[PDB]
Amino acid sequence: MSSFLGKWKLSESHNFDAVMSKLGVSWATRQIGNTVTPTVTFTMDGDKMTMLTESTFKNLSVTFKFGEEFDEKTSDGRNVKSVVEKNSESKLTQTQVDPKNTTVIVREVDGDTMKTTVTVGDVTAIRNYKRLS
């Protein structure tokens, strides 16, 4: 993975709100999704990659390879895993393994606009984030 390296803040919250309630999310974290644009900051720490996720409720850093399922401890009170693989350098299936299980979230960059389609059986929230230098 080296293509979409940077800090990334949300351009459109298309249904990034009912996707959280379908998983089962608290009435405090369910609205920073569609309010304070998540800083999903994908960066190489030496050799393997680190999400420096800096939001108002989830301000947290987590390091990972393309393979091992990395866990984030959330402001609901939930340690949620994320099974990673790069297809190549604009399609990466970083699939969130929660106490409900999120369905394949497919991180596809559309020319410096990181488009990760979050579905959960039947939702599909097109998460589009702009590259910040």
# chains A, B, ... in the order shown; residues from 1 in each chain; ligands from 1
$ select_by_dssp --residues "chain A" --states "helix (DSSP H, G or I)" --output "ChimeraX atom specification"
/A:18-23,29-32
$ residues_around --residues "residue 64 of chain A" --least-positions-apart "5" --cutoff "8 Å" --atoms "only C-alpha atoms" --output "PDB file with C-alpha atoms, in the first residue's frame"
ATOM      1  CA  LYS A  48       3.443  -0.866   7.929  1.00  0.00           C
ATOM      2  CA  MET A  49       0.476   1.576   7.810  1.00  0.00           C
ATOM      3  CA  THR A  50      -1.288   3.580  10.613  1.00  0.00           C
ATOM      4  CA  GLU A  69      -7.385  -7.498  11.745  1.00  0.00           C
ATOM      5  CA  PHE A  70      -6.591  -4.221  13.652  1.00  0.00           C
TER       6      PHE A  70
END
$ atom_distance --atom1 "atom CA of residue 40 of chain A" --atom2 "atom CA of residue 17 of chain A"
16.7 Å
$ closest_atom_pairs --of "segment 9-79 of chain A" --to "segment 94-109 of chain A" --cutoff "10 Å" --atoms "only C-alpha atoms" --output "Markdown table"
| residue | atom | partner | partner_atom | distance |
| --- | --- | --- | --- | --- |
| A:19 | CA | A:102 | CA | 8.9 |
| A:20 | CA | A:102 | CA | 9.5 |
| A:22 | CA | A:100 | CA | 8.6 |
| A:23 | CA | A:100 | CA | 5.6 |
| A:24 | CA | A:100 | CA | 7.6 |
| A:66 | CA | A:94 | CA | 8.7 |
| A:67 | CA | A:94 | CA | 9.3 |
| A:69 | CA | A:97 | CA | 8.1 |
| A:70 | CA | A:96 | CA | 9.0 |
| A:71 | CA | A:97 | CA | 8.6 |
| A:72 | CA | A:96 | CA | 9.7 |
| A:78 | CA | A:99 | CA | 7.7 |
| A:79 | CA | A:98 | CA | 7.6 |
$ write_last_selection --atoms "N, CA, C and O atoms" --output "compact mmCIF listing (two decimals), in the first residue's frame"
# COMPACT_ATOMS: atom_id res chain seq x y z
N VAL A 19 -26.42 3.46 8.67
CA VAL A 19 -25.36 2.41 8.76
C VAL A 19 -24.82 2.10 10.19
O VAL A 19 -24.66 0.94 10.57
N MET A 20 -24.60 3.17 10.96
CA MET A 20 -24.29 3.09 12.40
C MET A 20 -25.49 2.55 13.22
O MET A 20 -25.33 1.54 13.90
N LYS A 22 -28.08 0.61 12.18
CA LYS A 22 -28.15 -0.82 11.77
C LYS A 22 -27.13 -1.78 12.45
O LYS A 22 -27.49 -2.88 12.86
N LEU A 23 -25.87 -1.33 12.58
CA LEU A 23 -24.91 -1.91 13.53
C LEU A 23 -25.32 -1.85 15.05
O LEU A 23 -25.11 -2.82 15.78
N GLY A 24 -25.88 -0.72 15.50
CA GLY A 24 -26.40 -0.54 16.87
C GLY A 24 -25.59 0.46 17.70
O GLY A 24 -24.88 0.07 18.63
N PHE A 66 -1.38 -4.94 5.59
CA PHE A 66 -2.36 -5.65 4.74
C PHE A 66 -2.40 -7.18 5.08
O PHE A 66 -1.64 -8.01 4.58
N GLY A 67 -3.24 -7.48 6.07
CA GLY A 67 -3.53 -8.87 6.49
C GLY A 67 -4.21 -8.97 7.86
O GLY A 67 -5.30 -9.53 7.97
N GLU A 69 -6.16 -8.26 11.40
CA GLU A 69 -7.39 -7.50 11.75
C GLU A 69 -7.20 -6.53 12.95
O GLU A 69 -7.27 -6.92 14.12
N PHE A 70 -6.94 -5.25 12.64
CA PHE A 70 -6.59 -4.22 13.65
C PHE A 70 -7.81 -3.72 14.47
O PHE A 70 -8.83 -3.39 13.86
N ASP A 71 -7.72 -3.63 15.81
CA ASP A 71 -8.86 -3.16 16.63
C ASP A 71 -8.80 -1.70 17.11
O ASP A 71 -7.78 -1.24 17.64
N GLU A 72 -9.93 -0.99 16.95
CA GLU A 72 -10.12 0.36 17.53
C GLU A 72 -11.15 0.29 18.69
O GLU A 72 -12.26 -0.24 18.54
N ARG A 78 -16.67 -0.31 22.63
CA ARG A 78 -16.71 -1.47 21.70
C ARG A 78 -15.29 -1.54 21.03
O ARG A 78 -14.93 -0.64 20.27
N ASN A 79 -14.51 -2.60 21.31
CA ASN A 79 -13.25 -2.89 20.57
C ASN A 79 -13.52 -3.60 19.22
O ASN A 79 -13.79 -4.80 19.19
$ residues_around --residues "residue 27 of chain A" --least-positions-apart "2" --cutoff "12 Å" --atoms "only C-alpha atoms" --output "count of residues only"
14
$ select_by_dssp --residues "segment 9-91 of chain A" --states "strand (DSSP E)" --output "PyMOL selection string"
chain A and resi 9-12+42-45+48-54+59-64+72-74+78-83+86-88+91
$ atom_distance --atom1 "atom CA of residue 56 of chain A" --atom2 "atom CA of residue 39 of chain A"
9.6 Å
$ residues_around --residues "segment 1-13 of chain A" --least-positions-apart "4" --cutoff "6 Å" --atoms "only C-alpha atoms" --output "PDB file with N, CA, C and O atoms, in the first residue's frame"
ATOM      1  N   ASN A  34     -22.235  12.043  10.930  1.00  0.00           N
ATOM      2  CA  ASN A  34     -22.795  13.124  10.077  1.00  0.00           C
ATOM      3  C   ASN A  34     -22.687  14.589  10.624  1.00  0.00           C
ATOM      4  O   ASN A  34     -23.584  15.402  10.394  1.00  0.00           O
ATOM      5  N   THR A  37     -16.371  15.892  10.569  1.00  0.00           N
ATOM      6  CA  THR A  37     -15.880  15.099   9.417  1.00  0.00           C
ATOM      7  C   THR A  37     -14.681  14.133   9.725  1.00  0.00           C
ATOM      8  O   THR A  37     -13.578  14.668   9.909  1.00  0.00           O
ATOM      9  N   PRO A  38     -14.815  12.775   9.801  1.00  0.00           N
ATOM     10  CA  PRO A  38     -13.757  11.902  10.416  1.00  0.00           C
ATOM     11  C   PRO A  38     -12.371  11.919   9.751  1.00  0.00           C
ATOM     12  O   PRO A  38     -12.231  11.711   8.544  1.00  0.00           O
ATOM     13  N   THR A  39     -11.341  12.167  10.572  1.00  0.00           N
ATOM     14  CA  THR A  39      -9.956  12.431  10.088  1.00  0.00           C
ATOM     15  C   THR A  39      -9.151  11.103   9.884  1.00  0.00           C
ATOM     16  O   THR A  39      -8.159  10.834  10.566  1.00  0.00           O
ATOM     17  N   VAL A  40      -9.590  10.292   8.908  1.00  0.00           N
ATOM     18  CA  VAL A  40      -9.162   8.867   8.759  1.00  0.00           C
ATOM     19  C   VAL A  40      -7.768   8.740   8.077  1.00  0.00           C
ATOM     20  O   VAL A  40      -7.631   8.556   6.863  1.00  0.00           O
ATOM     21  N   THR A  41      -6.719   8.900   8.886  1.00  0.00           N
ATOM     22  CA  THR A  41      -5.417   9.417   8.381  1.00  0.00           C
ATOM     23  C   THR A  41      -4.442   8.263   8.107  1.00  0.00           C
ATOM     24  O   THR A  41      -3.808   7.731   9.016  1.00  0.00           O
ATOM     25  N   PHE A  42      -4.345   7.888   6.829  1.00  0.00           N
ATOM     26  CA  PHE A  42      -3.702   6.623   6.393  1.00  0.00           C
ATOM     27  C   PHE A  42      -2.223   6.884   6.033  1.00  0.00           C
ATOM     28  O   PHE A  42      -1.927   7.567   5.051  1.00  0.00           O
ATOM     29  N   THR A  43      -1.304   6.396   6.875  1.00  0.00           N
ATOM     30  CA  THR A  43       0.099   6.892   6.879  1.00  0.00           C
ATOM     31  C   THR A  43       1.100   5.732   7.135  1.00  0.00           C
ATOM     32  O   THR A  43       0.867   4.911   8.019  1.00  0.00           O
ATOM     33  N   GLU A  89      -3.863  -0.521  -5.887  1.00  0.00           N
ATOM     34  CA  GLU A  89      -3.577   0.812  -5.286  1.00  0.00           C
ATOM     35  C   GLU A  89      -4.670   1.910  -5.492  1.00  0.00           C
ATOM     36  O   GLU A  89      -4.463   3.082  -5.164  1.00  0.00           O
ATOM     37  N   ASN A 128     -17.076   9.489   1.106  1.00  0.00           N
ATOM     38  CA  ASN A 128     -16.142  10.195   0.195  1.00  0.00           C
ATOM     39  C   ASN A 128     -15.322  11.212   1.036  1.00  0.00           C
ATOM     40  O   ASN A 128     -15.924  12.064   1.688  1.00  0.00           O
ATOM     41  N   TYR A 129     -13.988  11.113   1.060  1.00  0.00           N
ATOM     42  CA  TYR A 129     -13.130  11.976   1.913  1.00  0.00           C
ATOM     43  C   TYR A 129     -12.046  12.688   1.019  1.00  0.00           C
ATOM     44  O   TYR A 129     -11.416  12.036   0.186  1.00  0.00           O
ATOM     45  N   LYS A 130     -11.781  13.985   1.231  1.00  0.00           N
ATOM     46  CA  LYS A 130     -10.768  14.724   0.417  1.00  0.00           C
ATOM     47  C   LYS A 130      -9.337  14.700   1.050  1.00  0.00           C
ATOM     48  O   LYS A 130      -9.176  14.745   2.274  1.00  0.00           O
ATOM     49  N   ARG A 131      -8.313  14.654   0.181  1.00  0.00           N
ATOM     50  CA  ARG A 131      -6.893  14.552   0.604  1.00  0.00           C
ATOM     51  C   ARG A 131      -6.310  15.904   1.080  1.00  0.00           C
ATOM     52  O   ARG A 131      -6.364  16.910   0.364  1.00  0.00           O
ATOM     53  N   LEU A 132      -5.739  15.898   2.286  1.00  0.00           N
ATOM     54  CA  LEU A 132      -5.262  17.134   2.940  1.00  0.00           C
ATOM     55  C   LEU A 132      -3.724  17.071   3.178  1.00  0.00           C
ATOM     56  O   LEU A 132      -3.192  16.180   3.855  1.00  0.00           O
TER      57      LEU A 132
END
$ atom_distance --atom1 "atom CA of residue 63 of chain A" --atom2 "atom CA of residue 14 of chain A"
27.7 Å
$ closest_residue --among "A:35, A:93, A:26, A:119" --to "residue 55 of chain A" --atoms "only C-alpha atoms"
A:35
$ closest_residue --among "A:15, A:85, A:54, A:80" --to "residue 124 of chain A" --atoms "only C-alpha atoms"
A:15
